[PDB]
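A short write-up of the structure that comes next.
Here is the naming used below: chain letters follow the sequence lines, and residue numbers restart at 1 for every chain. Both backbone and side-chain heavy atoms feed into the values below; hydrogens, waters and symmetry mates do not.
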Amino acid sequence: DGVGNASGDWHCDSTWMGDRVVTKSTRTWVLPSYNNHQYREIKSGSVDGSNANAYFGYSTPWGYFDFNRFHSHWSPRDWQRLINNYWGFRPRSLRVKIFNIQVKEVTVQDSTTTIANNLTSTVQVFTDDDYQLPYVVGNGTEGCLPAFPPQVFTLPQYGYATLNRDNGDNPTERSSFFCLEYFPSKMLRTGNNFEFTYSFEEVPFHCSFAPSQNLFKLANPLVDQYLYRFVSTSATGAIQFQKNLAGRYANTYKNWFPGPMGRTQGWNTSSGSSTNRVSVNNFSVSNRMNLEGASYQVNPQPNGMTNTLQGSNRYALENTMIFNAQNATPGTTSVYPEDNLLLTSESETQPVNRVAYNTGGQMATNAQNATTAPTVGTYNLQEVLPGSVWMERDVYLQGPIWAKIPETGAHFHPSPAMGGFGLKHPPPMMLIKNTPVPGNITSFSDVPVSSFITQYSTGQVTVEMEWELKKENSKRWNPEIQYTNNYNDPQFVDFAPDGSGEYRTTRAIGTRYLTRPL
Amino acid sequence: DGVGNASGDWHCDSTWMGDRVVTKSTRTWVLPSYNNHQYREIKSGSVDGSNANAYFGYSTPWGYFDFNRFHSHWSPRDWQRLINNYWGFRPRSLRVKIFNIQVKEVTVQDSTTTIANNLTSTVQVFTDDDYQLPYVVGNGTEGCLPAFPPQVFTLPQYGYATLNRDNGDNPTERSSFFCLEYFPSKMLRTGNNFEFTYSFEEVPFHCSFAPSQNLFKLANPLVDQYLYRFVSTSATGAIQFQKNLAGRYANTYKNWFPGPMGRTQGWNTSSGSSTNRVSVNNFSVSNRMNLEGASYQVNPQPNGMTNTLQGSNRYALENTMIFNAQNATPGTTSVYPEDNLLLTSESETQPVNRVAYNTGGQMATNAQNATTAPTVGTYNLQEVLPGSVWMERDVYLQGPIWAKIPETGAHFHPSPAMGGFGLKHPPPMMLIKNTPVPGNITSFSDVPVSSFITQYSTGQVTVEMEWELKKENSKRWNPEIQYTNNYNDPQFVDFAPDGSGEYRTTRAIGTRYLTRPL
Amino acid sequence: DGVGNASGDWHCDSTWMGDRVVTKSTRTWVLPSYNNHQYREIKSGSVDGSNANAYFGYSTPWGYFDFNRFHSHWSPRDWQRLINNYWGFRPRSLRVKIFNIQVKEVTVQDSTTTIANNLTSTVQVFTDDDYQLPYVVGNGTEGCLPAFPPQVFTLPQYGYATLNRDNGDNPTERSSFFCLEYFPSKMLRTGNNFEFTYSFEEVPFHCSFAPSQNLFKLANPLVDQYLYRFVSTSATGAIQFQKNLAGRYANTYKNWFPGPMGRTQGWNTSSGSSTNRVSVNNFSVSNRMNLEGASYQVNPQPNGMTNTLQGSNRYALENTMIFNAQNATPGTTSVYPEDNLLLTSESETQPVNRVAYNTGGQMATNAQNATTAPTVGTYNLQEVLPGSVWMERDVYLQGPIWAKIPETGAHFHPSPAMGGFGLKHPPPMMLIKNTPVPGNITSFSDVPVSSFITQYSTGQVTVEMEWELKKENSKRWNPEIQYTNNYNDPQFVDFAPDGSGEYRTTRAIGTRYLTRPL
């Protein structure tokens, strides 16, 4: 529209209206000119002695907007209002708007770097509505809209891995190259803006409640069962039985079973670090799955287990989501102690989910005879069974919202391991790049020009999300557990900027506070 | 309405009308004043050396109506008419009515206990329509409407277990107390009655047929497959093949597989008791699952297996439903032989379901080389796989009808292990209690009165259920197996009262008699 | 209506609908025949050496329904939902219903006490709509509807004090006798019920929030004031000034002042009991007001002060509401330690209200000269001043809801000291009594009969209250403090019945959790 007219306003807000809540976030972004306007074939061989690290892909000159983290939409107080009062929620719609674009020309001379705006430069933007591009958004990576509204952020560079040959850095006949310029995109000069809208598919509500009953103790503790159980064999081999008494939950017949489990090693946090094995390199003794001839770690394991047992300091670390308390630099290889990190605990699900670091149980391992005694053996892993129930991983304020279900034609219970909503058609990738501007070209050449004017753009982005809420409807008499701002002798305010302006966050806030009977 | 006017009639009947059958049952109940009108915190530590027996809960002064057993609705003859003629059935609706209430005042003086009616006393009744209370009805417990119509029964006392801490008798911050008086209930004096109606959710038909074909022998025995199989390696290592011939079912390619299995120990009934290991305590060598740090027995195991192999006397007792031939007293710890009990056999499902006490099969356990021979190892347990089929547990005349699916947000194939229909919203809990009547209180006190007049109530209850039937539609030429009243030299009539008036039942009647090809 | 027909149902519930919440409570009561149907002149002289204890009054044969406590209407969980999510609330309407009346005849013979119902006996009920009777309901006395729904309670006996002469037990010419039979009342036999409705007058919302700013630090800490202050006098007597700098809150000019205060003694709870004066009898050294020649203690003092200073263990006990953790017997004179009681803390109001046990400040006490130095003196009490602000006492789950404003024709800020809503026309007194039934009178006499049949009645009472809520509307970013069910190593569930059936309550729950800037 115009150089001296704003193409949009600043909208950050939450509006609660019954069973709906609309969140609005606006952030300032900055887009670098990645790769110098070129596509590059990126590849890697075996790194750290693991050929599962090998890949073949492409880095593109495009950047992308990632809105896949709860804190990009929810302030800590609104999150508290959500988890203390509702049984569940789910995304309904999304509206994105990119505006107030500013393209800057950078010029370095002799020890001098000036910056001036280029009023005629454009920025290109498109959304991948048909999912024709490798969707890299739901894999727990950096670059999402920052939690704290005033924080300015750089858009991450779009890249992808395709097929590599024999766990090496070579491509195969099936490796695919995708050209992002081969999509129709809108071009924006300083007065133009871009708007996009999207609606989520019917997805089940995330469960924001913990069970107030144990799965194996659902029977009335005052009445016996009209069922009998084999208890022994007489001195002559006659089978003997007894009635299952009231309250003896170790013996009652069960109708339902706990979800699938796969044993993972348990480690003690600090209080119990003296009981941990010393100097052990976890990779060699970790849970791994094989695929195409290589072994990959599979944290945080499939859903169905609890990583800790409420009241203990032992964690099944590979079944745990681990966040940094602060934003880290790219490529850091420092070894962090637990004092800098935020460990998540899924102990609220222990009345239903089995403990990840213990054996799942025991089964018969032979045929009993008058000469051979009955034998049992414990099992470390057990997959899904008919009539089994479990609770999915909880969502966190600083964790992912959705994940795209891989299109293969066959899947089971499409719920991403890192938590969130599994979607067949998630919010489309929104790509953006600075349109190239050639330097001073005087003569002709059939070779593509390589000399460009260095630029970078900036602007604002606003994301509006409507969420549907599930009202709590309990008849519990006594008070419930609530997430509360409880600190003893605070030296600073959590979820607030400190003296240096840095946003501080000392806790990973889950969703499970309210209870429900089974 | 009035003291001298009946508030309802006696309806016991079955009406067959095409693909529908309506059952009506009326019984006389008696409600004691449980706990003396108080709520009590009930708890237990480790019992019988098992901390899975520990619990923390509440016993309430309420009683409840349980209609969750087939014989509370079906006479033995109607059950026979059902299982000999239909392929399946399922619940459609339910109507309950409580009437002809009589409250009796009990007064004991010096070695004298008189009983008079209290015309002004009430009884309180409510149904938990929103499932806000711990549903204790579908866990195979006593207290259901008796099988024989003239039998008067006592309503069981409502109680529940909530969360306990570290497998002990202490509560946790999440333990929930539910006050039943915090629900709106109808109050009834002698002339009043209470009626309730409910409709079942679309649930799949229970299958009342046995397969007349084996899962691995579905191929035409007269034609070969156009498929070849690896049979060996030559003296030089060349792989060799052969065509899969007609009728050689051990070698045909299969399209479908048997359901999941988990080996359980097998024991011989009497005929073969001399081949059983002697003096063995089953608990230590039983199939158990771990949950929250404790091990629980999980009878009757998940669906997918047959507990016996038709033609043998060996049973996988932990995969078996065991009923008493008669009603037992509360808390009995006698050790019963198999002569007093009714063992159920699921052998009709053996053409499809794997045998619970045998190994499930064998798989490769290494990589074959010119130096290492191919090795295989048997597996005792195997969970669900794509393209697998199995048959659910059969229902019995003396067994449960439904079970409530635990609300967790994630489950697989919600079919209760004890058989029946898995429901998200089952018939609501119907609670009832005698309204308290204070004794002679003369002075004031801020402390709740503890002195009450002792009462108990009685009345009639009628339950009407509509069932939907699936007609048999077979082209089998020869006669089918039918359940029949066949006894040799009967000393009494089964399913009839004996000389002392006691109702006798010598057999557990299943549902699988008709056959169907796969 | 009828002997065998219930005249009402049981309604206990809470229904939240936007800015309104309707609470319903039903309880069972028992009414003794107080005084044996007679009015008695009750009086007392000086008790415990205090003639403020003298009184002259009347005890009547009537009982009354008291609904003036929050826990008679709010379950602990609904209270938590209220205080964690709203900024305020206020009563809108009330509906009361008394039904299912049962009159019992008591007859004691030789060491035998039988109880039978008297179907023709009545109970009398009336409400004092015009406030013509001494309103004894809002003075923190026992007898209200019990907190726990299943608890049966005795109605307290209605009595009142009128004028006594010279602090003695004699009446004056102005002492008034009120005959309750001189009001029209409804008579109820077993089939009848009584209903009453009432609407509250526009009353201001109770404030359920704590200030997140201090009253004396409202100025921007980054900007100075354009005001100067007198700081000293030169060596020649010239007055000198300085500008009030940014953030120096000790010197900024203020626009508002803290509410009124009246120093009360401070005492240390247990942690600091070694610093308390030993063996001191509080009455002689307590805060007292004189009236009609006698001195009365005036706990909990007028509004405007905080009784504790967050972070300390010292309490201004006379400015504190003290509840028992359990119901106590009538007339107990035991000396309780703080381990049995629930002390309330108003520290949330300290940013605005002055500390009750410290001096209020200091003022000039002379006229400065070249010979006399300026002198200041501290003041222990200070009443209301123009431009002063304070916060009223908080309400508790176990405290009073309203108080009747004394009709005198002149009052200031009608807010009861014990907290709650001050009303000119509060819910009317609801009186009830057992109609007298003469014994066997054979001959005539002009003297009123004294021989009566001993009876007592019982029934149910339901109270429905509509409350209006004030939605929280904050822009605070970081999480707020919330009331939470947090206990470490619980041996029992708080706000739940224990093993003996007794309802336990270990905490007084206030209303101030959310914050607001000033």
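Here the side chains of B:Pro260 and A:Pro386 are in contact, with some heavy-atom distance below 4.5 Å. Using a 4.5 Å heavy-atom cutoff, the side chains of A:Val125 and A:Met430 are in contact. Looking at heavy atoms from C-beta onward, B:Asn290 lies in side-chain contact with A:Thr359 at the 4.5 angstrom threshold. Looking at heavy atoms from C-beta onward, B:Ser232 lies out of side-chain contact with B:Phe241 at the 4.5 angstrom threshold. Taking 4.5 Å as the limit, every side-chain heavy atom of A:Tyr64 sits out of range of all side-chain heavy atoms of A:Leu155.
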Under 3.5 Å, sequence neighbours excluded: what are the donor-acceptor pairs made by side chains of residues 410-429 of chain A?
| from | atom 1 | to | atom 2 | distance (Å) |
| --- | --- | --- | --- | --- |
| A:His413 | ND1 | A:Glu392 | OE2 | 3.4 |
| A:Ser415 | OG | A:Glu392 | OE2 | 2.7 |

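Counting only distance, with no hydrogens or angles, the side chain of A:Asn353 and the backbone of A:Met391 share a donor-acceptor pair below 3.5 Å. Between the A:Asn299 side chain and the A:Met321 main chain, no donor and acceptor come within less than 3.5 Å of each other. A:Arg354 contributes a side-chain N or O that, together with a main-chain N or O of A:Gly259, makes up a donor-acceptor pair within less than 3.5 Å. At distances below 3.5 Å, at least one donor-acceptor pair connects side-chain atoms of A:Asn68 with backbone N or O atoms of A:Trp402. Checked by atom type and distance alone, the side chain of A:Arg393 pairs as donor or acceptor with a backbone atom of A:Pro300 at under 3.5 Å. One N or O on the side chain of A:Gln398 and one on the backbone of A:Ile509 form a donor-acceptor pair closer than 3.5 Å. Distance alone, capped at 3.5 Å, places no donor-acceptor pair between the B:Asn369 side chain and the B:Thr372 backbone. At least one donor-acceptor pair under 3.5 Å links the side chain of A:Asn307 to the backbone N or O of A:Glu346. The closest donor-acceptor contact from the side chain of A:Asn324 to the backbone of A:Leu341 lies at 3.5 Å or more, if one exists at all. With hydrogens and angles disregarded, no donor-acceptor distance shorter than 3.5 Å links the side chain of A:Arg69 to the backbone of A:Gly399.
Residues passing the side-chain hydrogen bond (donor to acceptor under 3.5 Å, both in side chains) test with A:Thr435, sequence neighbours excluded: A:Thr122, A:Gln124. A:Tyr39 pairs by the ring pair (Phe, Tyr, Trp, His ring centres under 6.0 Å) definition with A:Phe177, not counting sequence neighbours. Qualifying side-chain hydrogen bond (donor to acceptor under 3.5 Å, both in side chains) partners for B:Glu383, counting only residues two or more places apart in sequence or in other chains: none. A:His73 is linked by a ring pair (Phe, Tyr, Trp, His ring centres under 6.0 Å) to nothing, counting only residues two or more places apart in sequence or in another chain. Considering only residues two or more places apart in sequence or on other chains, A:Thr332 meets the side chain to side chain contact (heavy atoms under 4.5 Å, CB included) condition with A:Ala328, A:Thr329, A:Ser334, A:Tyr336. Partners of A:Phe452 by ring pair (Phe, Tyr, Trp, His ring centres under 6.0 Å), not counting sequence neighbours, listed by chain and number: A:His37. Contacts of A:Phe126 classified as ring pair (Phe, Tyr, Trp, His ring centres under 6.0 Å), with partners at least two apart in sequence or in another chain: A:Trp62, A:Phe183.
Atoms CZ and OH, on A:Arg507 and A:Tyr396 in that order, are 13.5 Å from each other to the nearest 0.5 Å. Here the CG-CE distance, from A:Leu385 to B:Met261, works out to 11.5 Å after rounding to the nearest 0.5 Å. One distance of note links CZ of A:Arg90 with CD1 of A:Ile401; it measures 16.0 Å at 0.5 Å rounding. For the atom pair A:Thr320 OG1 and A:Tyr315 OH, the distance stands at 7.5 Å (nearest 0.5 Å). Taken to the nearest 0.5 Å, the CG atom of B:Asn366 stands 4.0 Å off from the OG1 atom of B:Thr375. Put simply, CG on A:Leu343 and OG1 on A:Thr269 are 7.5 Å apart, with the number rounded to the nearest 0.5 Å.
Sorted by first and then second residue, the side-chain hydrogen bond (donor to acceptor under 3.5 Å, both in side chains) pairs with a member in residues 156-174 of chain A read A:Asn35-A:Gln157; sequence neighbours excluded. Counting only residues at least two apart or in different chains, salt bridge (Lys or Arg N to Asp or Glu O under 4.0 Å) contacts with residues 315-341 of chain A are absent. Residue pairs satisfying the salt bridge (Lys or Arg N to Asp or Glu O under 4.0 Å) criterion with at least one member in residues 398-417 of chain A, sequence neighbours excluded, are listed as follows: A:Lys404-A:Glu407. Sorted by first and then second residue, the salt bridge (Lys or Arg N to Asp or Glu O under 4.0 Å) pairs involving residues 34-53 of chain A (not counting sequence neighbours) are A:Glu41-A:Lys43.
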Checklist entry - Could you walk me through whether A:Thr306 and A:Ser347 pass the side chain to side chain donor-acceptor pair (under 3.5 Å) check? => result CA-CA 6 Å; A:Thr306 184; A:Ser347 69; 5.8 Å; no
Next on the checklist: Is there a ring pair (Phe, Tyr, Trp, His ring centres under 6.0 Å) between A:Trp29 and A:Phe65? Walk through the geometry before answering.
Outcome noted: CA-CA 9 Å; A:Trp29 53 268; A:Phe65 287 97; 5.7 Å; yes
Checklist entry - Between B:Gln362 and B:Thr378, is a side chain to side chain donor-acceptor pair (under 3.5 Å) present by the stated rule, with each step listed? => result CA-CA 4 Å; B:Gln362 53 175 51; B:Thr378 49; over 6 Å; no
Checklist entry - Given A:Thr141 and A:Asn139, is the side chain to side chain donor-acceptor pair (under 3.5 Å) satisfied, shown in steps? => result CA-CA 6 Å; A:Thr141 48; A:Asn139 297 282; over 6 Å; no
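For the residue pair A:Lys433 and A:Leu31, the shortest heavy atom distance occurs at CA-CD2, 3.6 Å. Nearest heavy atom pair, residue B:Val376 against residue B:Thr365, reads C-CG2, 3.7 Å. Looking at every heavy atom in both residues, A:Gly63 comes nearest to A:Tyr34 through CA-CE1, 4.4 Å. Minimum interatomic distance between A:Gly266 and A:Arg314 (heavy atoms only, all atoms of both residues): O-NH1, 2.9 Å. For the residue pair A:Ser72 and A:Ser25, the shortest heavy atom distance occurs at O-OG, 2.7 Å. Nearest heavy atom pair, residue A:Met305 against residue A:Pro302, reads CE-O, 4.2 Å.
When only modelled atom types and interatomic distance are considered, A:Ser457 and A:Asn434 share a side-chain donor-acceptor pair under 3.5 Å. For A:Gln455 and A:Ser121, the side-chain atoms include at least one donor-acceptor pair closer than 3.5 Å.
A parallel orientation is assigned to the rings of A:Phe148 and A:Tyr503, their planes being inclined by less than 30° (bins at 30° and 60°).
Under a cutoff of 6.0 Å and an axis angle of 45°, B:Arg263 and B:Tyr379 do not form a cation-pi pair.
Counting heavy-atom neighbours within 6.0 Å of B:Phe230 CZ, excluding the residue itself, gives a total above 12. Within 6.0 Å of CD in A:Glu142 there are 12 or fewer heavy atoms belonging to other residues, nucleotides or ligands.
Proximity of the aromatic rings of A:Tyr198 and A:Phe200 is defined here by a centroid distance below 6.0 angstrom, and this criterion is met.
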